[PDB]
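So the sequences go chain by chain: I, H, A, B and J. The first sequence runs 24 to 358 under the deposited numbering. The second sequence runs 24 to 358 under the deposited numbering. The third sequence runs 8 to 434 under the deposited numbering. The fourth sequence runs 3 to 224, 239 to 322 under the deposited numbering. The fifth sequence runs 1 to 76 under the deposited numbering. Just so you know, even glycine gets a beta-carbon here, dropped at the ideal spot from N, CA and C.
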Amino acid sequence: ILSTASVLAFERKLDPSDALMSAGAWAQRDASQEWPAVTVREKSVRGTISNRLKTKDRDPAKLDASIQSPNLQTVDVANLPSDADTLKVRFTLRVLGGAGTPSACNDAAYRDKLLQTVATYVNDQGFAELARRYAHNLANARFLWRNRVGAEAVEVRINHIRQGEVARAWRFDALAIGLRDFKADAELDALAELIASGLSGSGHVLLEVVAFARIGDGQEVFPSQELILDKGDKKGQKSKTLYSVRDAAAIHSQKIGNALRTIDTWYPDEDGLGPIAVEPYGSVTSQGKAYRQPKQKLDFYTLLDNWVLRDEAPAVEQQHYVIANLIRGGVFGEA
Amino acid sequence: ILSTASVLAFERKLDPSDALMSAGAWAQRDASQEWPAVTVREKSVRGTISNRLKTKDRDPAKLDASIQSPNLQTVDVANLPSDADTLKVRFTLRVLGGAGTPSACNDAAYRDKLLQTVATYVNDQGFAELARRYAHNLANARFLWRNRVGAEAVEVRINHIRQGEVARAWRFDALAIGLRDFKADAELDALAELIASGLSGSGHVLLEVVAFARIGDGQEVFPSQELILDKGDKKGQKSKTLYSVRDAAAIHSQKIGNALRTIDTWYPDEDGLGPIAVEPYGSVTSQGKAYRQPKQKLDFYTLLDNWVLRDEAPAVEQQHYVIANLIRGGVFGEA
Amino acid sequence: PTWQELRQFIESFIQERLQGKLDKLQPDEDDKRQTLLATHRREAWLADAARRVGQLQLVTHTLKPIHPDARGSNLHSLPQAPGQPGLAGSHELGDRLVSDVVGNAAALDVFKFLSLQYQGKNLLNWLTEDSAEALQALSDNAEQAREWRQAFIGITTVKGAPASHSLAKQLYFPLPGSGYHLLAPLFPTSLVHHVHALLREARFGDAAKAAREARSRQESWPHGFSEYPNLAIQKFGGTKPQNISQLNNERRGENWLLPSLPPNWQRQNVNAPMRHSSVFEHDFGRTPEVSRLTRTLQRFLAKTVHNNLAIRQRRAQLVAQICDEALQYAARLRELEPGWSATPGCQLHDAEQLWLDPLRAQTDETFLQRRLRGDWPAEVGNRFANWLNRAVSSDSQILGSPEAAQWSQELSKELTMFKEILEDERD
Amino acid sequence: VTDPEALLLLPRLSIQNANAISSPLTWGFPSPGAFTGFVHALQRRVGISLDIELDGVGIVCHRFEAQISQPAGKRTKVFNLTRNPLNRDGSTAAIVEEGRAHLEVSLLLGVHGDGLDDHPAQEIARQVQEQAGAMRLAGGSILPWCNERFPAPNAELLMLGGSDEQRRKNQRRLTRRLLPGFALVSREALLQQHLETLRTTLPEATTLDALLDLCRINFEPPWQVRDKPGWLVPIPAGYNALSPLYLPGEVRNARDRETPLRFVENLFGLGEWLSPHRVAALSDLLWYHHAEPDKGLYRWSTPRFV
Amino acid sequence: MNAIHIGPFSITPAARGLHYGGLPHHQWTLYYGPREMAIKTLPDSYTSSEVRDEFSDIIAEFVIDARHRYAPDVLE
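This is how it looks when you write it as structure tokens:
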């Protein structure tokens, strides 16, 4: 009957490291191994109430009384030095093999059928499109996020590390490569071939990704913010806390992974957003809305179940979406 | 019915940096790249009883007993050198563009309607008056908050940084350009047009703003100030702490941004006070009162809701105020 | 002993429950009070209790702390006490055991009704055995008593087939000969409740805080206290702890984890002793760990010799800890720049700079590599011994007696071991 | 349970986000069960192909860093979390708190078999290194040291030296390699000795109270502090049986249907962090599995230490 | 709230408050007669017991320093 597995899990393929942030001057990007790190500092901010009022605080006397109480906060801030205009973001990326193999799965017939489905996908077209989109997300500085917004020029340098040295080196102009269009380029095709060979291999392929963004002299950079629950403590806390590994501002690994996963342009809604991160039930945290709802037949679980159990193979784009979810991983399976 | 979005976050356009302040000599300000930074020092003050008594301890015996025991405390103090008469304050400003687009918006229809409203604003009246007023606030040293009140002569030099080089340079006498009137000047109109091109998204604008002010030999300068929660005796009764980055006195970036935002001359009260910073509910911290009360129909939220949801376009001045609020950014939206 | 008095107690308790729900609801209309008094005063309320018991369960190891969308089998089990030594667990929990409740958060009234102590002890053991005092106070008929007894006793048994959800943890353990077992662990809510009670007594108890106030005034007290540093809070329910369990509702999350941390978990920085003359007293001397070690050595230098063998042993591993920390401190200076020792300066400790920077020999092939190879500097041990002599209490009573002889002998042993460590640094 | 013929020093491994939630009652460094399972996975993946056996692990913890913060006005600590993806209805999911930490460790793997003589030591050491370079140690990825100043090579040393002096020199040089760290060992005998001492101090004292007393900071009135012999962390000592051993197909929602499943619960024991110079041989730090499936007691420990 | 008196000490709050984080706060200053000893910014949700516990350590170290400074001289 080929019942679906009660416990299903997939290992996270294509896992990056923390994006270390460092600062320097442009046209010295080559000798950037000794660039000083960007440090997270402390500063005091005094604001004023600017949020919406609930029709009972709109009395002028209460508003003036609440303004007369100073609103003080302590925030973590990260800045470029007052003589450095370039932010260097460096992280390491492992492209693991055994991409379609589940990490944990109950039913052995479901094992054979799922591995047969992945084998059909890989010998039909393989990871050609998926690794193309991942290499595009590497080539443009999507992992900088807000650091990519107002940069004069962004250059991404990607090096293949085989044993301890650069086997093959890439250099891209991130602002020329779009954040929503996946064209074809020769160096991009070479990077896609390397990533696809890593996904189809039995070991791993190591890449280091170094992006230089010309933010501005002494401007304010944006490391990943840390999620800390207040938990109803009586003392006032610092409102903003930035992430750092060793006295050096950094971006979270899952933030970089979410940036790399932004390849899904096949969701049923219109591509006004463009690509979105590959997730089950197509959730977008910034938009607060989950595309690929299960009421439509385009969510990951129903597509996978139709593909592997009832042999209802979806469209090629939906097959790419399902295999991209397999790259992403996750804990699956009903009770 | 097109209700407004619950999440309507906006990012900050016109990003400033922390303004580092240095010292030197007038008529030596052309070669001022090697000027030593103003250092934050510690000095001892002895305060007397000079505040209002609470009508209970106004008897002569208790007042004399309090005067016989004054309080000792340490304050952070920043001064020019005794052989240096001018203060150099230097920061970089970045104009982003894309003001109407929210960073986070959970309602797609509201986002489309808001984008249409901002687009028809730009088509009708582009970022010409707003950029003009920002150019005024850059031309006069309003970012010199207390360093400008008694200065003999203030000069502001603004350089447009293209590819790391000065594409265009400006020079203003900041005391001739007052803090009260938004007049017309050819060089200042060129600066306004550059800021307009930055705000419209038609080009990358990064400005380096340097201000020179003659205060006097050894005179006290006023950097930004930090908040102190605990005084104690382990610290030597530290009562005031000044802001510094690396042993160099500095002004907070949000104070500079507040000084740039002082363009709002359209509030319902009389403009005898002059321009105020662009904030929701038009609040001034020093005045302790809110111009543009929500009871009147001239605060940012009601104007934005009428403009977008009910298509009630306000006056052109109020449209300028709303778009200046959008440029300022915020956590707009209800719960 | 008598069923009449147990009936009196249960009728009394449902009477306070009735008046409490009437006072809290304050029903002035809608005929709520009549329905409350017609359903919560007779054997019909026992029928509702038997209905509500089937939705609840008493457990000792629950699964709901693991991802709350996981639907698995919660267990009420006490593991057997192992014969192996030096390990803790749930098998220490004997009479000091508190039973968790899992299920609906509104049916917990039957739990406090079932955990009553009417005549001296719990109702559970009364309903397990064929007691004449029990099994008749709740039912006039025998069949009703039997069905209510089975209902109220099955609450401690496993309900349904044994199942651990996908979101629950399952960990392979290799058997000694060619095998594995799956080992799905459950969260020991009884253990964390017991440790939470102990830690709450130690950190907020009346005697504990009295001892803290006694120490704050630096006066004597008949007993001391504990400190419990570096505790961590792991909450299970973000806003609804009662959706997990009643014990997790008593302590709203707050796992109160203990700090199993390595000594290098607070690595501050590495700094070069540039313009100073002897690192052991000037830069090595004020690291907090060695400061604590030398203060303990200061306290143990002037001590009684009633337990002199154990005291000398403790001081032996003490000075061993100082020498180990010295070796660690040199090892972490080994990650600095290779040529920091060649910087200009009037006082830079050139005698100890051979040991402080081994890596200078790489850049200086003929300037200092052969000198370090041939000299093999072991006078650094002598200088550190002189620093330790400066760091020991200047007691003439020990110097006159053989206590200084034993201290010098153990110091000589530790310093010759330390010198043998520094001997083969050229390999 | 056996004497290794050689010691395999996996070099400094940078572990990114390791599970800082070691046990239901302890936090901080990951459990030794994670390291023993990682070594067993190394044996299952590459150890069989090399005709060797990888049993025993030495944990040194060259660097530790947990993603924790201390809220203002509290002396305890909280764990920094991650923003999980939204639900299918666009709302924030319920937060499940997990602790994630940064490690830097080097592992001493006990090697015994015929592949040591069948293959060169450098070759098997290398192949184990690039096998471990694509794995996980405590739930976190392993950073493989690309484009730094110089990577640390893997080094396998046979314990059967040509002489006692040669063996002693090799042991000391291997100890010098992993010097900025602290070896992790187990102290079950010390915990039992302290429990007996506590019982003579006052009766009916459980080993949980002895474990708590050996880790807490004790203050005694004349105000001194009861000193500790070492670091003395509390560590999970294994798993104890909580249910009868079920058949592979009995348990619903199991990991597989080929392995028996038994519900367990954590066993908490005593551990110690100590400098590697204070051990006679580096093979005394190796952690081994001790299952004994008849009575439960699925334990990991480091025997032959003292 | 209201001033807290602990023997010769007094913890008087500031007349006007402030907001640190998103919570209201007042500065509480400790006196020993006319001598100001320490100032702490404390949440408005604290009771008098918590405000007193915030300054208990400073009071205790004052007591210790007073005992050691004015200890009577010893004859042997």
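Should residue i and residue j be called a contact, given that it needs their Cβ atoms to be closer than 7 Å?
{"i": "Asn163/H", "j": "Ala213/H", "result": "no"}
{"i": "residue 101/J", "j": "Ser223/A", "result": "Residue coverage of chain J in this structure runs from 1 to 76, which leaves residue 101/J outside it and unanswerable."}
{"i": "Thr140/H", "j": "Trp330/H", "result": "yes"}
{"i": "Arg48/A", "j": "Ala144/A", "result": "no"}
{"i": "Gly352/H", "j": "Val30/H", "result": "no"}
{"i": "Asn237/A", "j": "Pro248/A", "result": "no"}
{"i": "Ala327/A", "j": "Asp402/A", "result": "no"}
{"i": "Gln260/I", "j": "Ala74/B", "result": "yes"}
Measuring only between beta-carbons, confirm whether residue i sits less than 7 Å from chain I.
{"i": "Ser285/A", "result": "no"}
{"i": "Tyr324/H", "result": "yes"}
Against chain B, with Cβ distances strictly below 7 Å, would residue i count as a contact?
{"i": "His172/A", "result": "yes"}
{"i": "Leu265/I", "result": "no"}
{"i": "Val199/A", "result": "yes"}
Give a yes or no on whether the minimum CB-CB distance between residue i and chain J is below 7 Å.
{"i": "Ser223/A", "result": "yes"}
{"i": "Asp253/H", "result": "yes"}
{"i": "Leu95/I", "result": "yes"}
Just the Cα atoms here: how many angstroms apart are residue i and residue j?
{"i": "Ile160/A", "j": "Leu131/A", "result": "7 Å"}
{"i": "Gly280/I", "j": "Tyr32/J", "result": "58 Å"}
{"i": "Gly183/B", "j": "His104/B", "result": "15 Å"}
{"i": "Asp53/J", "j": "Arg35/I", "result": "50 Å"}
{"i": "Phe279/B", "j": "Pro195/A", "result": "12 Å"}
{"i": "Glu140/A", "j": "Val66/A", "result": "27 Å"}
{"i": "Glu288/B", "j": "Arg299/A", "result": "18 Å"}
{"i": "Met424/A", "j": "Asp331/A", "result": "11 Å"}
{"i": "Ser51/B", "j": "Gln194/B", "result": "42 Å"}
{"i": "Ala88/H", "j": "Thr264/I", "result": "47 Å"}
{"i": "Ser143/B", "j": "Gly101/B", "result": "15 Å"}
{"i": "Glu340/H", "j": "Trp289/H", "result": "6 Å"}
{"i": "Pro83/I", "j": "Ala199/H", "result": "37 Å"}
{"i": "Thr28/B", "j": "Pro298/H", "result": "59 Å"}
{"i": "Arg378/A", "j": "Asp431/A", "result": "15 Å"}
{"i": "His68/A", "j": "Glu296/A", "result": "40 Å"}
What residues match up with residue i in a beta bridge as DSSP calls it?
{"i": "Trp316/B", "result": "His305/B"}
{"i": "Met281/A", "result": "The partner list for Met281/A (beta bridge, DSSP) is empty, contrary to what the question assumes."}
{"i": "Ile274/I", "result": "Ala42/I"}
Using beta carbons (cut-off 7 Å, strictly below), is residue i in contact with chain A?
{"i": "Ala60/J", "result": "yes"}
{"i": "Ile17/B", "result": "no"}
{"i": "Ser24/B", "result": "yes"}
Between residue i and chain H, is the shortest Cβ-Cβ distance under 7 Å, so that the two count as touching?
{"i": "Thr12/J", "result": "no"}
{"i": "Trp193/I", "result": "no"}
Inter-stretch contact at 8 Å, needing at least 3 Cβ pairs: the region 206 to 220 of chain B / the region 87 to 102 of chain A
With a cut-off of 8 Å on Cβ pairs, the region 206 to 220 of chain B is in contact with the region 87 to 102 of chain A, counting three or more such pairs.
Can you find at least 3 beta carbon pairs, one from the region 51 to 61 of chain B and one from the region 29 to 42 of chain B, that sit closer than 8 Å?
Yes: at least three Cβ pairs fall under 8 Å.
Under 8 Å: do the region 76 to 89 of chain A and the region 29 to 42 of chain A share three or more Cβ pairs, one atom per stretch?
no
Segment contact flag, the region 262 to 276 of chain A with the region 245 to 265 of chain B, C-beta cutoff 8 Å, min 3 pairs
yes
Are the region 105 to 113 of chain I and the region 302 to 316 of chain I touching, with three or more C-beta to C-beta distances below 8 Å?
no
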